[PDB]
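The chain contents come next:
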Amino acid sequence: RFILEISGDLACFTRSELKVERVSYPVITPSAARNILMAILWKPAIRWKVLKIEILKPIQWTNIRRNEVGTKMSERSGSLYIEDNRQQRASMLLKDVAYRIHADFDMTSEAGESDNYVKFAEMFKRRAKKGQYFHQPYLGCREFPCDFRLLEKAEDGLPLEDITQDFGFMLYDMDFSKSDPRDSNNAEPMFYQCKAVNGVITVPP
Amino acid sequence: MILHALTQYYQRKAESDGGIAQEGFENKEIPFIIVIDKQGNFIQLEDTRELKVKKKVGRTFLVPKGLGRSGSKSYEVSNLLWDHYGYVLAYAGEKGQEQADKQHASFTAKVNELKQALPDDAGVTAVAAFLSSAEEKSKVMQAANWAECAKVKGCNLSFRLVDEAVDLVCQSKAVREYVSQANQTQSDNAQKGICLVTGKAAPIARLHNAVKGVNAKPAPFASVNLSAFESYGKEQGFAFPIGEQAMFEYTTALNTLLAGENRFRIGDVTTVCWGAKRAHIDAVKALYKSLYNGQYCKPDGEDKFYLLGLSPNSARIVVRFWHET
Amino acid sequence: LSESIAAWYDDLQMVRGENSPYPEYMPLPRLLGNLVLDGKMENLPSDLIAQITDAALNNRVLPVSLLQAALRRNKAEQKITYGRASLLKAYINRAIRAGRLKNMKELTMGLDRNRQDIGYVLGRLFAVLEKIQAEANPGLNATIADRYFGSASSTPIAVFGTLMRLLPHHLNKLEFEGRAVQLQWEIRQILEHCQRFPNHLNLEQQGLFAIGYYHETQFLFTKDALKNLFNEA
Amino acid sequence: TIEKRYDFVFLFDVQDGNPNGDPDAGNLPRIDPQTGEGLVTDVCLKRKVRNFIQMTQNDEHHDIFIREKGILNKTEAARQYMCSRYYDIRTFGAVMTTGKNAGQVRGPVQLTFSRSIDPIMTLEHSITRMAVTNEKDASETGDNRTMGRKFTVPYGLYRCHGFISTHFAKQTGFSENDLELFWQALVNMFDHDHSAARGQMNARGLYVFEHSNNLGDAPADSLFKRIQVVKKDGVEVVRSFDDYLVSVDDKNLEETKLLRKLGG
Amino acid sequence: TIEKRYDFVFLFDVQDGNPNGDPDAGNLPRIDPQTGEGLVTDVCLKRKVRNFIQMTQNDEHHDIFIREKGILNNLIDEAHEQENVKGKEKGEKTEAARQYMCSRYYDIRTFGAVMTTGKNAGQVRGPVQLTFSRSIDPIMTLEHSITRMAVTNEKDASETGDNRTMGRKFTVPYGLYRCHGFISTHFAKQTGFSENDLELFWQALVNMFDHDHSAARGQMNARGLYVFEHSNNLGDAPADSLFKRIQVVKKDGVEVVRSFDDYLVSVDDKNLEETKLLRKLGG
Amino acid sequence: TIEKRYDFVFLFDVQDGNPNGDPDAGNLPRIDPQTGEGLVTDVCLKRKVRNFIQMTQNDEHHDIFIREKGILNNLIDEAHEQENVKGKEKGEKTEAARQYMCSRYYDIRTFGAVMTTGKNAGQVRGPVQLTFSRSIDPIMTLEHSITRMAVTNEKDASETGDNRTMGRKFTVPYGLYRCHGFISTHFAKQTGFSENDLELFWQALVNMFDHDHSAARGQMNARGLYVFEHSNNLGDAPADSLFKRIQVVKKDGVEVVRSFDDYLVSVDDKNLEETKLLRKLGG
Amino acid sequence: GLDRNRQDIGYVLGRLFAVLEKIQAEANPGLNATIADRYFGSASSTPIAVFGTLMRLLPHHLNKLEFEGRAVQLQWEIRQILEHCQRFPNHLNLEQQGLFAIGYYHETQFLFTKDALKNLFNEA
């Protein structure tokens, strides 16, 4: 078990139902937390798994529209010209976000020789207490920072003290079972949370 | 919560009997309606317009949904018993012929195959013999109120037999079974999952239904119309793992709650406010009823839910309103 | 959710003077369309008119773009009628009740004869100036508002330093000394609550300016409340 | 190929124009609907970097791929060719139709949504045009007019964060020359690109911190809390740089980190 | 086609009138609602340059684009019947029309023109680009209203006594504005901004407030124009470091300003001799 | 039409009288509340020139725009009722009506007028553009008052026979106001300001107060009129390099001015004979 | 709301103009215009050209008064106000214009009060 105080400027957890309009999630997506944990420290033997999702700041939705292109880069066309395929998509942001997520790690099948638990635990602890990471984490989109800090129990306040409202179906994690390494085709299943008296809990498959 | 609550309140309103679709239907505005007899023969060109200060395209009727016609090949879609104004008479105002003849050919082939798949149904015989007689379509143009149909875009020409005057050609006790069977057979043999707002089976839905109510033309809501918005190369389909049933449900809900009493223009935008009922808020729905009468009180019945707000753009829809509290 | 609707509609009731063609509860479509340039087509349908619901009916705070567009439309039309003043009040009391503004108190449904603020007394001064000028000259093709509203809400010193030379002459142009002394007592009681004209009005003063302007305009356009207030001097 | 991590904060001020408009509501500058500070996106910074790279090169080994129409108009082998050719591939990663991880690469250069410190006031002056674009309703014999609106900012100071790691530069090919070109662009990307809407945008402080380790021996929170940009004492509202106050903290990063001031 | 980057600071002064009337507040000079300093739009300077060129040039290969008289669509459609009537394909006819306009129009080569409102005929980014001009001190708006002894049409104020229709024609006692402008190199390459157009733009910025006058703008003058030219198409120093080196300030014996004698200028031609060229055309 | 652009500075001394009273401030002369300097609108000078031309001309092809007796819509309809009624097409009929008004009406050829309220007829500009007058030294107005022995109506009277309505008459002790005016060339070619109109305007500028005298106008006189004429249509010299050559200031131990002897004026005519001509008409 | 110890030229100028207008209004009963309705155009712009003549004519207004104790109290308050003024500058700032207007209106509101000036003079 590890407590991560993920907090940055804004957030934009793009949902799976509305992919054209990057609407942000009310909290931190479990897939986003897994990607953050992989960007902080990951090896072809570890498997980051989220457990408890917590909230530390009230929701502040800001209407922001992003202007993108509608053509992918390839070896066929040399240039794309964004002025031709300009699309004014939506990307609602969440001003001032903070999450003290509780997540640990397990083991995979392609470990081999480096399959230690305490070694990876102390490595992640040192990386969180010193500032080492393979890539800067993202809060739904690679445009906001994540001032992660290894906490011991509780160090910040939460606004959701009592029962508020459930978020319904949330994107858990993409199915990586029936997929070769460096996958390119899978699904995105969702799941139900529980009671929101201080966040949401992620039920493992 | 964005699309899950839509299906939730759609299923809630479906069991309350309030004029809503039921597997393969949609409330679409039909301007001029061509009333005929039992075996063809153009009888009259009825019109049910005259609503508010703006003359709309008639009154809303429950007709089977379509697969969208936005694109270059708008004639290969082949709708059921209703489409555009040029899909029956094969005449266009600004588009000309050529493309209008193929649309009429596809329409008559579809109605012929529907009559062959479902014989002895009265309503299908009229629509099958009217498009193949090649003699009443010219008399339809030489009617009384035909000059007011080619002056506006998006005209819908529907059919209706006699001996009813209350039941449309697509509402008789014969085509509803085929419509319900088509949604449980054609839209259930694609993929296996995984769904989103339901979590069960529900195959992957392709080409979302066009939502009409905010743009001058019917445009889809959540549909990647290009290629730089897909996930891992889904090519319009697997990017949003939403089932066909839930897609139809939320599209029909958005189409119904954008023309009735829940439709109000905030400002260069057409949104809709409704509660969880178990709505009757009597504060936001009556935005432009009269002169804002005294209705806000404390009836110890403040419902929850949120306020969904859709807005037009350049090709798709943008969601701006998002607040649960 | 109905409590938010109630807390948004109860404060919407302005003073509303007599002979007003607008009701006490202006519809939201026209209220949000009064912020356009010229027609209901070109506006800001997101951070402005498409956010009043999320800001009021959901117990939230108003953005700063609201105040920006409000002052822009105030300096555009050079006047405030029943179509803009009902939106500036949703920033002061909605922020003081939660906690995001500063230290000043909220407002009221009537004309507050105290407060001891900056924008409110300045707006009331501008409104009584406009009313005195309107009572002086009958046919007015352009009032002092249409000339000084380019900086009445921004830099009050750049407009009130030149407006004090026209007010005594406008009062002398009147055909009645009783009404003149009544307006003098009223503007004296208005500007008594002030302290000094600042160099520039901050973001928490343009809304107060518009609110005070509309309140004083509708109060002096009632019937004979000015003489009744002057009788107890 | 670089071997050290670079964490930089870039302070840029727009003087008379729109730093970043809101596509949601017309074209008003991006501002926070809560604290009032400007929320300038990093896509404008990326566009400025691309334009500066196109200007200062105009040749091979430094192409833009995603260029502008109004400015100029097996797997590992193709990826290596795209990296060695286009500079945007080494900058913001590689994204083609084919590849390993679904043909996607993050990239070393990763900017941040610029957030202001003081609440600014967007000036929306609805100007009028003495002509007509098309055959609208106002294009009659009376007065061919098309009244619009101009959005400007009196003084908007924003701070953009950026992190460049050598782990991604080893695969994308971001060498020391590429880093020097990126710095030279960041110094004058707003000076080489101007318009009637963006106006005048200048630089203030390019505070860079180079770490000895390949992953970074210092968190980002302490690095952000070190450089403090606040207001003065008697200054009420912003107007120019003489009203702000920037305070650095070079007494704690003198152990292993190296400080660089390529702007002020 | 020029090969160097140019950064020009234009310090001018208006003695009377409105440098840029605001459509919102009638015709008031757009002062900053943050401290009271004026802000002149760049479109005003562009139109003044256009008027000066029309007064001086008005010939071939140097258009200006009309204003009120004459619809812009008449010229938009006319530009298509030149060297690309049909033998260019719609996929690239926009670039050909843009090049033709750059070779024909002068305002397009200096700034540009929007034609994508119906038929895409070009989209020049804009080499020479100017910003809004700020002031050092908060100008004090005078606001001098005016009246008329008669009425134009048949308004309600047209009685038997005297139809007094009033007007609002504001003025400024003294306003020292400091505009900034930038000319790159790639945009001049893609358009064709040669040295002749550069010298014409310099002469326009030197003299334009004296050739284009009216009743609302009053008296607008020009004081100085400090231009920094880079040694190539690079940037050896930021624009803020080079603009603040030549700074103006208020007088140390008075607060209000009424003429150029109430200001003090200061230059610094010491560290500017690296790889830059300093020129002064206005003063 | 003329082919040169003229820039004339006119310094006139108003002795005891109101030159241009403030409208919203009753009738006191417009002054600067930030320094105490005097101000005079250019529209007052335009009206004085119009009155002088009306007193001198009184002939055909030189309309002066009548007083209140006659709605301007009637004059607009009379100008339209000519050779451009219907068969002319409004597109160029507007310009034809503008040309007819410039050839007939003198106010439109000199300054200009608006003819787009009721019936449109184009938007002319005008070559002659005047600016607001400014006082060198801060004037100290007196603001006098008078009294009438009779009363207007019975409401403003007394209760028996003591008829008195007081009075007011704001006057100036002394004021040397300097104004600037510009005559272009492109607008002159569009209107029709030839040499005859130029000579008429010069006569008006050298004699404008001596003809248009009023009870509140006072003893206004003209002191100096210095005109700079350029040999070409381009910008030979900026306005600041030519207006500062006519330096006006106060004397030694003179706190308040009374006549022209206390105002030290110096014309710097040493470096301007390169391509510019100077003429002292009023001086 | 009146600051007696402002130590600013604008406030004392405003209070002086206010008490001058008050004496002018109290001099004659039935009047049509006061000194503020004629001299305000240059009262704050050129104070030396307005206040001088105002307080030079003020002896005649005091002679045309009715009560002597009221005139004594008015002169005492005028001197107490001018205590915070050392000279009359010919040029005034915009902030000084605003301070002048504020002080003038505050002094008018304070003087129009029934029981106030007498209570202030009681502690002299």
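Residues numbered from 1 in each chain as written, not as in the entry; some residues may be left out. Chains lettered and ligands numbered in written order. Part of a larger assembly, values for the part shown. Heavy atoms only, no water.

Determination of this PDB entry was carried out by cryo-EM to a resolution of 3.64 Å, according to the record.

Colleague: Can you help me understand the overall build of chain G in this one?
Modeller: In terms of regular secondary structure, chain G is built from 6 helices and 0 strands. In sequence order, chain G lays out its α and β elements as α-α-α-α-α-α. In terms of overall size, chain G behaves like a compact globule, its C-alpha atoms giving a radius of gyration of 14 Å where 124 residues would be expected to give roughly 14 Å. Counting only C-alpha atoms and orienting by the principal axes, one finds that chain G spans roughly 40 × 35 × 20 Å. (Helix = DSSP H or I, 4+ residues; strand = E, 2+ residues; numbered from the N terminus. Rg over C-alpha atoms; globule rule 2.2 N^0.38 Å.)

Colleague: Would you mind showing me how to read the overall build of chain C here?
Modeller: Helices and strands together make up the secondary structure of chain C, namely 13 helices and 0 strands. When its helices and strands are written in sequence order, chain C yields α-α-α-α-α-α-α-α-α-α-α-α-α. Dimensions of chain C, computed from C-alpha atoms along their principal axes, come out at roughly 55 × 35 × 35 Å. Out of the 233 residues belonging to chain C, those deemed buried represent 68%. Pairs at least 24 apart in sequence give 69% of the contacts found in chain C among residues at least 6 apart. Surface summary for chain C: the accessible area is close to 7,600 Å², and the carbon and sulfur share equals 49%. Averaging the positions of the 27 positive and the 24 negative side-chain charges in chain C gives two centres separated by 3 Å. (Buried < 20%, exposed > 50% of the residue type's maximum accessible area, 1.4 Å probe, protein only. Contact = heavy atoms within 4.5 Å. Areas by Shrake-Rupley, 256 points an atom, 1.4 Å probe, with all protein chains shown as cover. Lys, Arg positive; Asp, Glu negative; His and termini not counted. Charge placed at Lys NZ, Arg CZ, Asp CG, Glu CD.)

Colleague: For this particular structure, what's the right way to read the side chain of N73(E)?
Modeller: Tracing the backbone shows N73(E) in helix α2 (residues 72–78). Judged by its relative accessible area of 11%, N73(E) is buried. Engagement of the side chain of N73(E) in a polar contact is seen with the backbone oxygen of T133(D), the distance being 2.5 Å. Among residues more than four places away in sequence, those in contact with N73(E) are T133(D), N134(D) and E135(D). (Polar contact = N/O pair within 3.5 Å; in protein donor to acceptor, adjacent residues only side chain to side chain.)

Colleague: I'm lost on the interface of chain D and chain E in this one. Help?
Modeller: Bring the parts together and some accessible area is lost; that lost area is often taken as the interface size. Contact with chain D, which involves 54 residues of that partner, is made by 48 residues of chain E. Together, the buried faces of chain D and chain E total about 4,400 Å²; carbon and sulfur atoms form 50% of this surface. Inspection of the chain D/chain E interface yields 5 salt bridges. With its nearest N and O atoms 2.7 Å apart, the salt bridge here joins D16(D) to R134(E). For the side of chain D that touches chain E, the elements supplying multiple residues, two or more each, are α1 (42–57), β4 (123–125), β5 (150–152), α5 (176–192) and β7 (201–211) of chain D. Tallied by class, residues from the side of chain D that touches chain E come to 19 nonpolar, 24 polar and 11 charged. (Buried area = accessible area lost by both parts, 1.4 Å probe. Salt bridge = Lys/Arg side-chain N within 4 Å of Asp/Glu carboxyl O. Nonpolar A, V, L, I, M, F, W, Y, C, P; charged D, E, K, R; others polar.)

Colleague: Before we go on, may I ask you to explain the state of the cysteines in this structure?
Modeller: Disulfides are covalent bonds that connect the sulfur atoms of two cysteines. Following the criterion strictly, the structure yields 0 disulfides over all chains and no others. Free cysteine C149(B): the closest other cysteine sulfur is in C155(B), separated by 5.1 Å. (Disulfide = S-S within 2.5 Å.)

Colleague: Explain the interface of chain C and chain F to me, please; I cannot follow it from the model alone.
Modeller: Chain C puts 11 residues into the contact, and the matching count from chain F is 11 residues. Contact between chain C and chain F buries roughly 850 Å² in total, counting both sides, with carbon and sulfur atoms accounting for 46%. At the junction of chain C with chain F, the criterion picks out 2 salt bridges. The shortest N-O distance in the salt bridge between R147(C) and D24(F) comes to 2.4 Å. The interface formed by chain C and chain F includes 5 residue pairs in polar contact. Of all the secondary-structure elements, those providing two or more residues to the side of chain C that touches chain F are α9 (157–163) and α10 (167–172) of chain C. In terms of residue count, α10(C) provides more of the side of chain C that touches chain F than any other element does, 3 residues in total. Residue classes in the side of chain C that touches chain F are distributed as 2 nonpolar, 6 polar and 3 charged.

Colleague: What's the story with the packing of helix α1 (residues 9–27) of chain G against helix α5 (residues 94–111) of chain G in this structure? I'm lost.
Modeller: Helices that pack against each other are described as a pair by the angle of their axes relative to one another and the distance between those axes. Residues and elements named next belong to chain G. Contact geometry of α1 with α5 gives a least axis separation of 7 Å together with a crossing angle of 40°. If you check the angle between α1 and α5, you find them oblique. Considering only the axes of α1 and α5, their crossing is right-handed. Contacts from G10, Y11, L13, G14, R15, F17, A18, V19, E21 and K22 of α1 reach α5 at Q96, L99, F100, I102, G103, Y104, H106, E107, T108 and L111. For the contact of α1 with α5, the per-class residue count stands at 10 nonpolar, 6 polar and 4 charged. (Axes fitted to C-alpha atoms, helices over the stretch in contact; angles between N-to-C directions. Parallel < 35°, antiparallel > 145°, perpendicular 65-115°, else oblique. Left-handed = near helix turned anticlockwise from the far one by under 90°.)

Colleague: Quick question: what am I supposed to make of unusual backbone geometry here?
Modeller: With the exception of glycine, the majority of residues adopt a negative phi angle, and the majority of peptide bonds are in the trans configuration. All names here are of chain B. Omega for the peptide link from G193 to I194 comes to 0°, which places this bond in the cis form. Along the polypeptide, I194 turns up in the loop between α5 (175–183) and β6 (210–211). Positive phi, close to 60°, is recorded for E23, a residue that is not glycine. Mapped onto the elements of the fold, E23 is located in the loop between α1 (4–14) and β1 (26–30).

Colleague: Before we go on, may I ask you to explain the arrangement of the chains in this structure?
Modeller: No other pair among the 15 pairs of chains in contact exceeds the contact count of chains D and E. One finds no contact between chain A and chain F; the C-alpha atoms of the two approach each other to within 36 Å at their closest. Taking C-alpha atoms as the reference, chain D and chain G come no closer than 16 Å and do not contact one another.

Colleague: Sorry, what's going on with a positive patch on the surface here?
Modeller: Residue and element names in this part refer to chain B. On the surface, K52, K54, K56, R69, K153, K212, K217 and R265 cluster together into a patch of positive charge. With respect to the helices, strands and loops of the structure, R265 is situated in strand β8 (residues 263–265). On the accessibility criterion, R265 (48% relative accessible area) is partly exposed. (Patch = residues over 30% accessible without salt bridge, like charges linked within 9 Å, V, L, I, M, F, W, Y side chains within 5 Å.)

Colleague: Quick question: what am I supposed to make of the pattern of salt bridges here?
Modeller: Between side chains of opposite charge, a pair can form when the charged atoms approach closely. Under the criterion given, the structure shown has 81 salt bridges over all chains. Note that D63(D) is salt-bridged to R85(D), the shortest N-O span being 2.6 Å. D77(E) is the partner of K119(E) in a salt bridge, and the nearest nitrogen-oxygen pair spans 3.0 Å. In this pair, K119(E) is assigned in the loop between α4 (107–110) and β4 (129–130) and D77(E) in helix α2, connecting sequence segments 42 residues apart. Taking the relative accessible area as the measure of exposure, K119(E) reaches 43% and is therefore partly exposed. What makes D77(E) partly exposed here is its relative accessible area of 32%. One salt-bridge network, held together by shared partners, links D16(D), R239(D), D243(D), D32(E), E37(E) and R134(E).

Colleague: Quick question: what am I supposed to make of helix α2 (residues 72–80) of chain F here?
Modeller: Note: α-helices contain 3.6 residues per turn, so residues at a spacing of three or four share the same orientation. Residue and element names in this part refer to chain F. Within α2, the full set of buried residues consists of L72, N73, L75, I76, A79 and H80. Seen along its axis, α2 keeps its buried residues to an arc of 160°; they face one direction. On its buried side, α2 packs onto α3 (90–104). (Arc of directions from axis to C-beta.)

Colleague: Where do I start with the nonpolar core in this structure?
Modeller: With 135 residues, the main nonpolar core has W8(C), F126(C), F160(C), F197(C) and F17(G) as its most contacted residues. For this core, the element with the highest residue contribution is helix α7 (residues 119–136) of chain C, accounting for 10 residues. In this structure, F17(G) is in contact with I35(G), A36(G), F40(G), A43(G), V50(G), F51(G), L54(G), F100(G) and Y104(G), ignoring residues within four places of it in sequence. Of all hydrophobic cores here, the second largest spans 108 residues; its members include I6(A), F167(A), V179(B) and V224(B). (Core = buried A, V, L, I, M, F, W, Y, C linked by side-chain atoms within 4.5 Å.)

Colleague: Would you take a moment to explain the packing of aromatic side chains for this structure?
Modeller: What describes a pair of aromatic rings is the distance from one ring centre to the other and the angle between the planes of the rings. Enumeration over the complete set of coordinates arrives at 80 aromatic pairs over all chains. Between the aromatic rings of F169(A) and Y192(A), the centroid separation amounts to 3.9 Å while the plane-to-plane angle is 25°, which identifies the pairing as stacked. In this pair, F169(A) sits in strand β9 (residues 169–171) while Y192(A) sits in strand β10 (residues 190–192), placing the two residues 23 residues apart along the sequence. The exposure class assigned to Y192(A) is partly exposed, which follows from its relative accessible area of 41%. One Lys or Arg, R188(C), reaches over the ring of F112(G) and ends 3.7 Å from the middle of that ring. (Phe/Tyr/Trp six-rings, centres within 6.5 Å; stacked < 30°, edge-to-face > 60°. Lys NZ or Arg CZ within 6 Å of the ring centre and 35° of its normal.)

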